[PDB]
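Engineer: Let me begin by handing over the structure; questions about it come next.
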Amino acid sequence: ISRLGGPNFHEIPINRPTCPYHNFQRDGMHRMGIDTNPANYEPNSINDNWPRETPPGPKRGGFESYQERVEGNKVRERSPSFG
Amino acid sequence: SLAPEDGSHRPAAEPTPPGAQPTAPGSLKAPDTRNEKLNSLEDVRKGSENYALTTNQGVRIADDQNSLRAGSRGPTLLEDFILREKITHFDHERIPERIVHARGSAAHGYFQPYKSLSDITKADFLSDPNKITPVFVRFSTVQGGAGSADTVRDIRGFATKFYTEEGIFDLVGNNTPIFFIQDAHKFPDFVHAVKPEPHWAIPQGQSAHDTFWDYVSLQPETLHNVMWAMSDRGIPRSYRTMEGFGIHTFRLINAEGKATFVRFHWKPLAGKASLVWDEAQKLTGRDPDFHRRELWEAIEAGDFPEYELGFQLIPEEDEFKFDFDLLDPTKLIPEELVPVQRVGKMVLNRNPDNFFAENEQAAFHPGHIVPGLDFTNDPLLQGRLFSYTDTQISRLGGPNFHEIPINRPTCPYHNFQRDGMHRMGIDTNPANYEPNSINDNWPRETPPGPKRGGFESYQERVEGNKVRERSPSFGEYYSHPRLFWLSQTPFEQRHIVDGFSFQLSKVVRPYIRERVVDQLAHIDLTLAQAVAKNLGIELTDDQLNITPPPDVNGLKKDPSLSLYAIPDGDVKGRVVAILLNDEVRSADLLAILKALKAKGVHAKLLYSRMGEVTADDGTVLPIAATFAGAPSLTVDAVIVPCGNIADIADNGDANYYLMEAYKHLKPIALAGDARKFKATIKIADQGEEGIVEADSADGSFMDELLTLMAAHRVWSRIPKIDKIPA
Amino acid sequence: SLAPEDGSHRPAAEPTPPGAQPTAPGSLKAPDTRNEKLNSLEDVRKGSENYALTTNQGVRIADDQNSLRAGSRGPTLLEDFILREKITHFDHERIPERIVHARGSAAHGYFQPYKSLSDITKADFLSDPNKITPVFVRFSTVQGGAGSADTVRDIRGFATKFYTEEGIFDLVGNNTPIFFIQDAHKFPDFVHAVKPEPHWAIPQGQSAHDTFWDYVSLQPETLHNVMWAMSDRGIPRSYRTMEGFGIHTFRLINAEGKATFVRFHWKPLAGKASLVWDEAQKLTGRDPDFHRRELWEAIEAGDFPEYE
Amino acid sequence: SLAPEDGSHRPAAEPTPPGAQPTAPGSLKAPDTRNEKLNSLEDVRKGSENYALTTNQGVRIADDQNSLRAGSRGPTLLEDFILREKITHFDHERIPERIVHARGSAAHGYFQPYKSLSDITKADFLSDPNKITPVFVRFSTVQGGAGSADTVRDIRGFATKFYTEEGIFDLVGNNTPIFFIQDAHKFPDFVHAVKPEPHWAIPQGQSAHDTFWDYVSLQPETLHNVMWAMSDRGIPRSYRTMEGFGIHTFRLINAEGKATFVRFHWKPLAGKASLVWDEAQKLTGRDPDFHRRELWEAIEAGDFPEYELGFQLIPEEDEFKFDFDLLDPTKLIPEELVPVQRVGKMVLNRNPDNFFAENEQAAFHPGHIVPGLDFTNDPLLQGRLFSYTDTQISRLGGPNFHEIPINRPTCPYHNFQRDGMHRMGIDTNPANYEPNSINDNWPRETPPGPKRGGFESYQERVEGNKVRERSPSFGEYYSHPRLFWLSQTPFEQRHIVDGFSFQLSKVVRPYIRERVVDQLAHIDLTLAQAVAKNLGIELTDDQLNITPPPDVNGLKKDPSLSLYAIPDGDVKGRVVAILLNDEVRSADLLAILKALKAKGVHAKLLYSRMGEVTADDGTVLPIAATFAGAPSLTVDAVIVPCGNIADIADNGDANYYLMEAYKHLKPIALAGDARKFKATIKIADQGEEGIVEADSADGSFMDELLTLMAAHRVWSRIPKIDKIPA
Ligand code: HDD
Ligand code: HEM
Ligand code: HEM
């Protein structure tokens with residue numbers, strides 16, 4: 001945000017994805033992309049809810065975190081195994 | 001010298017009623033009002049009288065009227081550094097407005113507890129009734145820009161910065177006890193839906209548009225807060241006359257380490273009061289700064305905004321005792337179930353000096369807590385903790401925003417953080433890391449403890465898998481909207497119905513209106529049918545048969561949810577229009593002003609022109625404003641004294657004054673020949689409840705008027721106003 | 001599918017009168033309208049239909065309704081990069097508004113001269129009646145913020161960007177033929193005087209306050225433009241029904257090097273029309289976006305703003 | 001407590017020589033060294049000892065070693081506001097470096113004039129010899145980034161901010177009396193040509209690359225400052241031993257309104273001295289912070305950098321009496337024609353506390369002048385006036401950069417400018433415009449006058465058409481380069497030829513080399529022939545016949561252009577390496593050390609390891625550094641005392657220490673059996689000038705060594721060094 005001047009740093013040519021990117025984020029300094037979507041929010045009916053979430057799957061699916069088990073209390077403490 | 005000889009350019013440094021003097025920077029108007037934070041700002045306050053005009057580098061300017069040019073009709077030269085510095089500074093005056101709550105009005109004050117809370121929290125600011133904590137408070141709307149109007153229908157923000165001896169605590173709340181959404185991941189979606197639509201940037205300061213109601217219809221978790229926004233809660237009369245809430249369940253932590261769940265409340269000591277919709281909308285055109293102005297002038301008059309801080313406290317063992325989740329910020333805790341304990345009082349007693357430096361630059365953030373408080377896993381709160389540090393890096397220019405004077409703590413602050421843009425502090429520590437030997441590890445960590453200890457999080461147990469999933473316990477959307485509905489008076493229900501009908505009539509896509517009516521039918525059939533009738537929609541048989549949602553823990557209403565069900569009227573600080581004529585009966589005017597003064601009610605003397613008029617005994621009466629310049633929208637009640645009533649009886653502006661005031665349910669009082677105005681508002685000869693009338697202003701006349709003003713508005717008049725063309 | 005079965009969510013892509021259809025982005029509403037600048041913007045226009053929702057790095061999102069937490073009632077985790085990108089972008093949406101003329105409304109169009117002006121100017125965009133130059137025009141008020149109301153009493157801006165074959169020419173004018181002050185050195189003084197006063201930031205969108213009339217009373221050079229502002233010129237009915245002026249004397253320079261002094265005008269082909277004060281003031285309350293709306297809806301109906 | 005119990009972590013707060021103690025923030029090293037700017041910074045200086053570690057919001061931290069996680073091996077929680085604040089501030093520490101002069105070292109000090117200059121200027125800081133003006137001075141290179149090396153070949157900046165009672169005056173100069181170019185419109189062309197090339201960003205801190213010499217070969221106006229850069233002026237021994245110049249002609253204006261043209265000079269009271277190239281280039285590797293380190297340590301030792309301000313003064317009527325234009329910044333004013341008049345003395349006597357806050361954020365700008373000074377039409381100065389205000393808007397984050405503490409004036413500043421990012425001052429003035437009546441027009445304009453008056457520009461006549469055209473009076477490129485060349489000693493000429501030869505050797509396109517050699521042939525044929533021989537280029541018959549440019553107003557040399565032609569050596573503050581052995585003759589070392597201390601010369605005791613050695617008589621010698629750790633590059637002279645010379649005589653590092661010092665022309669003294677080292681450097685039995693040798697370090701050995709040090713280097717050794725493999 002400070003180094004590259006704002007939240008549109010992915011639009012700086014070197015950083016741009018070569019695959020498609022579409023979402024409901026808008027504006028910010030030096031915004032390049034001109035969005036034509038009538039909707040800037042989801043869920044929406046006014047654009048039939050596009051762009052849409054994608055379920056996870058074997059290829060081309062949405063991102064889902066691995067459901068690791070978390071068990072412990074809220075601590076600021078170094079694991080004894082690290083000592 | 002350009003000031004007038006008589007010194008009438010400078011306002012008196014004493015409290016004065018609204019309109020009596022020009023308004024002024026707070027340290028000029030009230031120089032002897034002090035608190036630890038206002039005194040700490042003295043290092044950066046700059047005066048002006050008797051100083052020379054200079055560049056920012058301290059060079060005295062001889063001619064501030066002209067650019068430097070080659071010849072007096074020639075081109076401007078690049079060596080004019082005086083012109084370029086002055087135009088460069090102007091060119092860079094603006095900073096980004098806040099992404100939400102951009103329109104807001106702020107004041108300084110102080111808070112003091114009523115008793116030590118050490119049994120329930122170790123927070124130092126709550127440890128002793130003689131502990132006085134300076135505060136700075138910013139009230140705001142949500143959707144509109146910094147230049148949008150004040151009296152829009154909207155939720156209002158209510159943000160308090162407490163400058164404590166153990167750190168800054170910011171309580172960043174709104175004027176309703178829930179929010180629209182459950183999880184912070186949806187906040188950009190919701191905010192984009194309510195904000196002006198992206199193709200054309202319309203509408204400003206309004207939720208009455210397709211995308212807002214599209215999102216509401218598709219996200220029934222919104223309906224509870226939508227109900228509050230559609231009620232008269234969405235159009236408060238003053239920031240002095242609305243409630244505040246922290247919304248989220250937080251924790252208090254005591255010196256033994258015990259955690260108690262808490263929700264925060266601010267109760268207005270001037271009582272709860274709202275406008276009516278027609279009046280609020282019209283006021284956005286006649287005075288889009290009405291709330292900003294009213295707050296500033298209340299403080300200059302000594303009508304200080306006062307609020308009691310209150311805590312709803314729930315033991316840790318009672319986390320699951322209710323039929324809603326305590327961590328769900330779309331659910332309220334009914335006061336019938338968990339009472340509000342009154343904990344202390346905040347008084348706002350001084351305006352800023354400079355709005356940009358102190359209000360626009362102020363940074364509030366709910367993750368600014370102190371030892372003795374802690375967070376919960378409310379998933380809207382959890383995401384807020386990220387946003388308010390992040391947004392200030394662009395808004396305020398970098399990571400040193402705590403060095404901007406209004407944001408500075410008044411207690412000590414020392415650490416190993418260095419640099420960043422516009423770094424003010426010049427660190428002398430040889431070390432900028434720890435652990436260090438070279439400064440004997442100073443500044444040093446401090447263990448947690450009962451007082452002056454380091455912050456340690458409550459050691460809550462966390463058990464579960466890493467999931468993006470809404471708790472099933474949050475999946476109930478209708479029972480709170482219905483409890484709120486059932487708790488409103490009949491006229492407050494009519495205003496709700498009217499709010500939904502007005503908003504949905506502005507939605508162009510009719511299916512969205514229909515989908516909202518279907519949601520309302522899941523709350524209350526009467527509501528749904530009344531809104532549907534105004535939209536020309538007929539409920540289906542299925543909609544007529546939807547089972548109402550369950551009561552909340554056995555409640556079918558809670559009157560603390562209504563603005564008006566329980567009387568809390570306070571007249572002090574309110575304002576009356578007195579409509580003058582060119583020969584007022586001075587004895588009416590004496591009696592009126594005396595009775596108002598006794599109750600701390602202000603007046604404004606109005607006429608068809610500016611200047612002065614002369615009463616029957618020769619008293620010279622100065623005119624504050626014209627009938628059109630200061631419409632009835634801006635006052636709480638209207639009084640017409642006797643005199644040469646012919647002077648004004650045919651004035652369309654004075655007649656309209658009283659029609660507008662009548663339509664908006666305001667008390668109206670008419671003395672002697674002023675009773676000829678009964679005809680403009682269609683009052684029967686025998687009179688009507690809410691119109692005070694008598695041969696003279698009489699004194700019993702004034703008690704009756706001030707009784708009506710303590711009840712705020714004349715609700716029983718509502719069926720009579722549909723006739724009035726106004 | 002959340003859209004209705006009957007297609008009524010989607011505005012007809014053809015000219016329609018105000019209120020007949022929901023309004024839409026211009027390239028959706030009027031896909032057949034083009035000019036050289038609109039064509040050159042194609043490389044940056046982003047669509048939406050039939051695309052997956054992604055991060056800005058192009059990773060497909062599976063659940064855009066929830067943060068990542070340890071258990072469905074537990075704390076949000078710092079590793080949720082989807083949540084933090086989406087909220088970081090939101091957090092930094094705003095940029096500073098314009099110091100003056102922060103409220104304004106804009107549209108694309110095109111300009112063409114009636115004949116070659118080569119005897120008086122070598123400016124390329126005026127050289128040939130067949131040469132069409134794209135424009136982008138913004139109209140504005142002066143004093144209020146970007147979220148202030150349209151039908152205030154104020155001067156109006158009228159700024160045209162001409163995308164010529166020999167460079168951008170911006171004609172940055174107002175709707176009256178003079179300004180308030182003589183020397184640019186005084187602009188921060190005049191603008192501070194008209195702007196909301198610095199202790200309390202009131203009033204918005206209004207010159208009806210002590211500091212403006214203090215300045216005027218001490219600087220009689222301001223009285224000409226003040227007359228204009230106090231007339232119904234200060235409250236136009238539409239951006240379509242107001243005059244435009246460059247105000248300053250500029251120069252045209254022909255190919256032989258001869259200079260002619262020029263002042264620029266725009267004539268509204270819809271004619272000149274203003275509100276009356278009580279209407280204009282009440283309209284700031286009933287529809288603070290009235291001029292922005294009227295401009296957009298005129299263009300959607302085919303009532304194109306035309307100026308000479 | 002992690003500090004050693006003996007307190008050896010903390011440097012003594014008293015002057016100490018380089019290396020004796022760790023270096024510290026200036027206010028801790030020299031707390032009693034004060035001036036009005038240093039005292040004015042006290043409101044922002046932050047201590048650390050005895051204070052608790054906190055957030056920037058003043059909350060005490062208990063555990064600054066760990067993030068908050070769900071279990072001690074679990075994930076980090078978003079609610080960790082202490083982690084996020086600390087990492088957010090870290091993440092935004094950097095600000096843009098300066099576009100040019102990014103690499104620089106600064107210090108605080110004071111200036112006093114020798115007598116009132118009221119007859120020639122009304123500037124207040126020159127009006128009274130007892131008026132002391134605080135200064136802050138930054139010295140710099142030009143091309144490299146803020147992390148580039150100090151002893152590169154380049155021009156140096158010499159910038160002085162004077163905090164006067166009538167405004168900040170910045171005198172923003174370099175260490176050569178002209179610049180490379182004539183009109184500011186070419187400054188981005190020239191700087192882009194000298195800077196690292198745009199495809200790969202190489203080379204850093206070097207002009208030895210194709211684009212710089214392409215531009216030079218095409219722009220012969222650059223050749224004069226190119227001559228100075230290729231001489232040993234381009235590689236100063238220290239910031240204390242270089243000249244400063246304002247370059248441009250400015251004006252002085254006295255109280256009667258008479259203008260006198262002026263060029264500004266600084267004379268170094270430590271004398272002029274430069275490195276030799278091979279030493280400078282090696283030093284950029286062994287100690288890229290050598291000038292920063294040397295400045296800081298001189299100040300800590302009390303070897304304060306001192307400079308005398310002087311003026312070349314030309315009456316208005318003599319504007320056109322020279323062969324060159326006074327407004328042309330590629331031309332110098334020879335001191336034989338217009339002598340420098342001594343004006344006053346500047347002493348730098350305190351280091352900053354924090355480099356970022358004071359050095360990195362300092363803003364100097366040559367448009368910051370005061371009444372009694374004014375500009376001329378020099379077309380390089382004229383463009384500079386635009387640039388320095390503009391560049392601070394991005395570098396320092398907006399238009400409030402004069403509020404960052406180091407940049408604040410010490411005199412009053414008041415005006416109508418408001419807001420902007422990072423606004424610190426809270427204005428209380430009811431008015432933010434003038435003229436105003438509501439504050440009686442304060443702060444007010446001030447007419448010009450003899451003292452404490454408003455700024456007014458000198459009413460110079462302008463007459464001409466609007467043109468983009470270079471004055472024909474500027475179109476002469478070669479006579480000043482030639483005057484410079486002929487003014488240098490024979491060894492300085494050799495060093496110039498080697499500078500051009502080395503640089504053009506790195507230009508990869510040979511045609512660029514050839515074109516530069518052709519330009520040299522227009523300056524002086526001996527120069528062009530010598531550089532051509534080193535490049536393997538043969539001059540054509542046409543080149544051999546170019547007629548030399550004219551003399552400059554009759555001069556064929558001016559010795560004041562040489563670093564060394566006129567002796568001005570000063571040994572105080574210089575440093576000598578003493579090569580120890582394991583049993584040093586202690587009487588030698590007593591004599592050596594006390595002779596050095598008597599003349600303020602520092603010593604560094606070196607050996608093959610750290611720790612101690614014990615002398616013949618039991619004296620314990622603490623070791624400063626090893627041979628390889630503190631190479632001969634970092635010292636002015638080398639002394640080897642007698643003792644057990646066999647300890648070190650076959651040590652490769654010890655031998656090479658002497659070879660390197662010998663190649664770089666440094667004085668070397670050898671006592672007793674240390675004379676066995678004569679074979680390493682090939683010195684004859686009957687010895688040679690520049691090598692001091694005796695049976696012992698007594699009698700005249702130290703006087704002879706110190707004589708050699710006052711002459712800086714042994715130039716007569718140059719023909720002896722080419723054979724030597726070092
Ligand atoms: C037209 C542009 C321009 C030109 C022609 C010059 N400069 Fe410059 N100079 C800059 C534009 C600039 C700058 C972009 O404004 C800098 C970089 C960062 C800053 O604050 O100023 C700067 C920095 C800078 C600094 C470092 C100040 C400091 O320590 O922060 C020095 C000493 C000079 N310059 C000296 C000179 C001299 C003696 C010049 C010719 C006589 C000269 N500059 C020409
Ligand atoms: C849950 C109900 C919420 C309430 C009552 C609330 C209240 C507020 C208030 C009162 C302010 C104004 C502070 C001021 O006067 O200066 C504010 C500003 C802000 N809020 Fe919150 N908010 C809520 C939810 C959120 C969420 C979930 C996010 C982020 C996902 C958020 C992000 C912001 C941002 C970015 C600002 C501007 C802050 C600044 O620029 O300093 N709000 N909100
Ligand atoms: C001569 C009378 C003037 C007229 C008619 C005029 C007209 C305008 C207009 C129409 C805009 C808005 C452009 C848009 O729609 O984006 C504007 C912006 C601006 N004007 Fe001028 N102006 C005048 C005088 C000045 C003067 C004298 C200055 C300063 C010396 C000035 C400084 C600015 C600034 C700082 C902005 C905002 C520009 C931006 O942020 O892009 N105005 N003015």
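Here's how to read the names in the structure tokens: chain A, B, ... by the order shown, residue numbers from 1 in each chain, ligand numbers from 1 in the order shown.
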Can you work out which residues from chain B touch chain C at a cut-off of 7 Å (counting only C-alpha atoms) and hand them back as a PyMOL selection string?
Structural biologist: chain B and resi 24-25+65-67+83+87+90-91+93-97+99+144-148+183+185-186+188+199+202-204+281-286+289+352-355+377+379+382+387+390-391+394+462-471+508-509
Engineer: Selected residues, C-alpha atoms, written as a PDB file, in the first residue's frame, please.
Structural biologist:
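After the write, selection19.pdb holds the following:
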ATOM      1  CA  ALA B  24     -16.049  30.678  17.173  1.00  0.00           C
ATOM      2  CA  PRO B  25     -13.136  28.158  17.593  1.00  0.00           C
ATOM      3  CA  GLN B  65      -2.357  40.655  -3.182  1.00  0.00           C
ATOM      4  CA  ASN B  66      -0.167  40.124  -6.291  1.00  0.00           C
ATOM      5  CA  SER B  67       1.992  37.686  -8.205  1.00  0.00           C
ATOM      6  CA  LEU B  83       2.929  32.569  -4.806  1.00  0.00           C
ATOM      7  CA  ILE B  87      -0.777  27.757  -4.208  1.00  0.00           C
ATOM      8  CA  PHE B  90      -3.782  25.042  -1.308  1.00  0.00           C
ATOM      9  CA  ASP B  91      -3.379  22.435  -4.098  1.00  0.00           C
ATOM     10  CA  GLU B  93      -5.286  20.557   1.127  1.00  0.00           C
ATOM     11  CA  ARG B  94      -7.527  17.554   0.714  1.00  0.00           C
ATOM     12  CA  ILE B  95      -7.032  14.052   2.095  1.00  0.00           C
ATOM     13  CA  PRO B  96      -9.107  10.921   1.378  1.00  0.00           C
ATOM     14  CA  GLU B  97     -12.435  10.939   3.287  1.00  0.00           C
ATOM     15  CA  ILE B  99     -14.514   4.994   3.372  1.00  0.00           C
ATOM     16  CA  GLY B 144     -22.820   9.803   2.424  1.00  0.00           C
ATOM     17  CA  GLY B 145     -19.645  11.740   1.630  1.00  0.00           C
ATOM     18  CA  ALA B 146     -18.089  14.430   3.920  1.00  0.00           C
ATOM     19  CA  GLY B 147     -20.193  17.011   2.091  1.00  0.00           C
ATOM     20  CA  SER B 148     -23.568  15.149   2.230  1.00  0.00           C
ATOM     21  CA  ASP B 183     -19.378 -11.638   9.129  1.00  0.00           C
ATOM     22  CA  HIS B 185     -16.087 -10.692   4.911  1.00  0.00           C
ATOM     23  CA  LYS B 186     -19.406  -9.307   3.642  1.00  0.00           C
ATOM     24  CA  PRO B 188     -17.552  -4.435   1.221  1.00  0.00           C
ATOM     25  CA  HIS B 199     -22.125   3.505 -13.036  1.00  0.00           C
ATOM     26  CA  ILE B 202     -26.359   8.125  -7.416  1.00  0.00           C
ATOM     27  CA  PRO B 203     -28.005   8.388  -4.816  1.00  0.00           C
ATOM     28  CA  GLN B 204     -26.212  10.325  -2.127  1.00  0.00           C
ATOM     29  CA  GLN B 281     -35.931  15.209   4.055  1.00  0.00           C
ATOM     30  CA  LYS B 282     -36.890  18.798   3.683  1.00  0.00           C
ATOM     31  CA  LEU B 283     -34.256  19.811   6.234  1.00  0.00           C
ATOM     32  CA  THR B 284     -31.544  18.137   4.052  1.00  0.00           C
ATOM     33  CA  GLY B 285     -32.321  20.915   1.514  1.00  0.00           C
ATOM     34  CA  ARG B 286     -33.008  23.901   3.871  1.00  0.00           C
ATOM     35  CA  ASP B 289     -25.635  21.066   8.282  1.00  0.00           C
ATOM     36  CA  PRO B 352     -12.709  22.053  18.364  1.00  0.00           C
ATOM     37  CA  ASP B 353     -10.618  24.917  17.158  1.00  0.00           C
ATOM     38  CA  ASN B 354     -10.088  23.670  13.662  1.00  0.00           C
ATOM     39  CA  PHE B 355     -12.347  21.131  12.068  1.00  0.00           C
ATOM     40  CA  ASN B 377     -15.095 -14.201  18.593  1.00  0.00           C
ATOM     41  CA  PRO B 379     -16.970 -12.590  13.417  1.00  0.00           C
ATOM     42  CA  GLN B 382     -12.932  -9.922  14.453  1.00  0.00           C
ATOM     43  CA  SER B 387      -9.608  -2.743   8.892  1.00  0.00           C
ATOM     44  CA  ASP B 390      -5.044  -0.624   7.593  1.00  0.00           C
ATOM     45  CA  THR B 391      -7.381   2.214   6.323  1.00  0.00           C
ATOM     46  CA  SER B 394      -3.836   5.852   3.045  1.00  0.00           C
ATOM     47  CA  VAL B 462     -10.328 -22.576  20.910  1.00  0.00           C
ATOM     48  CA  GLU B 463     -11.394 -25.966  19.500  1.00  0.00           C
ATOM     49  CA  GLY B 464     -12.487 -26.598  15.944  1.00  0.00           C
ATOM     50  CA  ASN B 465     -11.254 -27.048  12.399  1.00  0.00           C
ATOM     51  CA  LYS B 466     -10.121 -24.308  10.052  1.00  0.00           C
ATOM     52  CA  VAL B 467     -13.378 -23.487   8.243  1.00  0.00           C
ATOM     53  CA  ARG B 468     -15.083 -20.686   6.251  1.00  0.00           C
ATOM     54  CA  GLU B 469     -18.529 -21.439   7.690  1.00  0.00           C
ATOM     55  CA  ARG B 470     -21.302 -19.431   9.460  1.00  0.00           C
ATOM     56  CA  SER B 471     -22.268 -20.797  12.833  1.00  0.00           C
ATOM     57  CA  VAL B 508     -37.142   0.659 -10.263  1.00  0.00           C
ATOM     58  CA  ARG B 509     -37.081  -3.191 -10.605  1.00  0.00           C
TER      59      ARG B 509
END
Engineer: At a cut-off of 7 Å, which residues of chain A touch chain C? Count only C-alpha atoms and give the answer as a ChimeraX atom specification.
Structural biologist: /A:6-7,10,17,19-23,25-29,32-38,45-46,48-56,61-64,70
Engineer: Within 6 Å of chain B, which residues of chain D are there when counting only C-alpha atoms? Please give them as an MDAnalysis selection string.
Structural biologist: chainID D and resid 1:3 9 44:49 51:54 57:62 89 92:94 166:168 353 399 409 412:415 419:420 425:429 437:438 440 442:447 454:455
Engineer: When DSSP is applied to the backbone of this structure, which of range 375-522 of chain B are assigned helix (DSSP H, G or I)? Write them out as a ChimeraX atom specification.
Structural biologist: /B:379-395,401-403,405-407,472-474,479-487,490-505,510-521
Engineer: Just want the 10 Å neighbourhood of residue 543 in chain D, counted on only C-alpha atoms, with same-chain residues fewer than 6 positions away dropped. Output as a list in words.
Structural biologist: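 Near neighbours after the sequence-gap exclusion: residues 517, 518, 519, 520, 521, 522, 525, 528 and 529 of chain D.
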Engineer: Keeping N, CA, C and O atoms, export the residues of the selection given above as an mmCIF file, in the first residue's frame.
Structural biologist:
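Now in again20.cif:
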data_model
loop_
_atom_site.group_PDB
_atom_site.id
_atom_site.type_symbol
_atom_site.label_atom_id
_atom_site.label_comp_id
_atom_site.auth_asym_id
_atom_site.auth_seq_id
_atom_site.Cartn_x
_atom_site.Cartn_y
_atom_site.Cartn_z
ATOM 1 N N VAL D 517 37.625 12.345 -26.847
ATOM 2 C CA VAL D 517 39.009 12.728 -27.100
ATOM 3 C C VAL D 517 39.049 13.980 -28.031
ATOM 4 O O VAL D 517 39.844 14.873 -27.800
ATOM 5 N N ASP D 518 38.155 14.009 -29.007
ATOM 6 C CA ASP D 518 38.068 15.202 -29.865
ATOM 7 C C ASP D 518 37.712 16.436 -29.067
ATOM 8 O O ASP D 518 38.284 17.513 -29.312
ATOM 9 N N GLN D 519 36.766 16.325 -28.081
ATOM 10 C CA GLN D 519 36.473 17.462 -27.271
ATOM 11 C C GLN D 519 37.667 17.867 -26.440
ATOM 12 O O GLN D 519 37.949 19.072 -26.316
ATOM 13 N N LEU D 520 38.375 16.910 -25.837
ATOM 14 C CA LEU D 520 39.602 17.258 -25.090
ATOM 15 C C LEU D 520 40.645 18.054 -25.972
ATOM 16 O O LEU D 520 41.331 18.942 -25.442
ATOM 17 N N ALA D 521 40.693 17.715 -27.245
ATOM 18 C CA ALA D 521 41.632 18.384 -28.184
ATOM 19 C C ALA D 521 41.295 19.844 -28.379
ATOM 20 O O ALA D 521 42.168 20.645 -28.736
ATOM 21 N N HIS D 522 40.046 20.209 -28.072
ATOM 22 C CA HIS D 522 39.622 21.636 -28.106
ATOM 23 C C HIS D 522 39.942 22.386 -26.828
ATOM 24 O O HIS D 522 39.822 23.614 -26.795
ATOM 25 N N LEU D 525 45.930 20.346 -26.055
ATOM 26 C CA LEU D 525 46.465 19.158 -26.777
ATOM 27 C C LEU D 525 47.314 18.180 -25.954
ATOM 28 O O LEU D 525 47.281 16.990 -26.226
ATOM 29 N N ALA D 528 44.714 15.942 -24.324
ATOM 30 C CA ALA D 528 44.031 15.092 -25.301
ATOM 31 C C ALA D 528 45.017 13.969 -25.756
ATOM 32 O O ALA D 528 44.626 12.802 -25.846
ATOM 33 N N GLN D 529 46.297 14.349 -26.036
ATOM 34 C CA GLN D 529 47.292 13.354 -26.421
ATOM 35 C C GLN D 529 47.551 12.332 -25.347
ATOM 36 O O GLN D 529 47.645 11.159 -25.641
#
Engineer: Can you tell me which residues surround residue 136 in chain D at a distance of at most 10 Å, considering only C-alpha atoms, apart from same-chain residues fewer than 5 positions away, and format the answer as a PyMOL selection string?
Structural biologist: chain D and resi 37-38+106-110+159-163+170+348+350-352+358-359+362+364+406-407
Engineer: Distance limit 6 Å, atoms considered: only C-alpha atoms. Which chain A residues sit that close to chain B? Return them as JSON, numbers by chain.
Structural biologist: {"A": [41, 42, 67, 68, 69, 70, 71, 72, 73, 74]}
Engineer: Hey, can you spit out that residue selection with C-alpha atoms as a short mmCIF file (atom, residue, chain, number, x, y, z; two decimals), in the first residue's frame?
Structural biologist:
data_model
loop_
_atom_site.label_atom_id
_atom_site.label_comp_id
_atom_site.auth_asym_id
_atom_site.auth_seq_id
_atom_site.Cartn_x
_atom_site.Cartn_y
_atom_site.Cartn_z
CA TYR A 41 -21.64 -6.54 -4.54
CA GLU A 42 -22.82 -10.13 -4.20
CA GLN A 67 -9.59 -28.30 7.57
CA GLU A 68 -6.70 -28.61 10.07
CA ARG A 69 -7.80 -29.30 13.69
CA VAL A 70 -7.08 -26.32 16.04
CA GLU A 71 -7.04 -27.03 19.82
CA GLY A 72 -5.54 -24.72 22.39
CA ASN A 73 -6.12 -21.58 24.40
CA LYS A 74 -5.41 -17.98 23.12
#
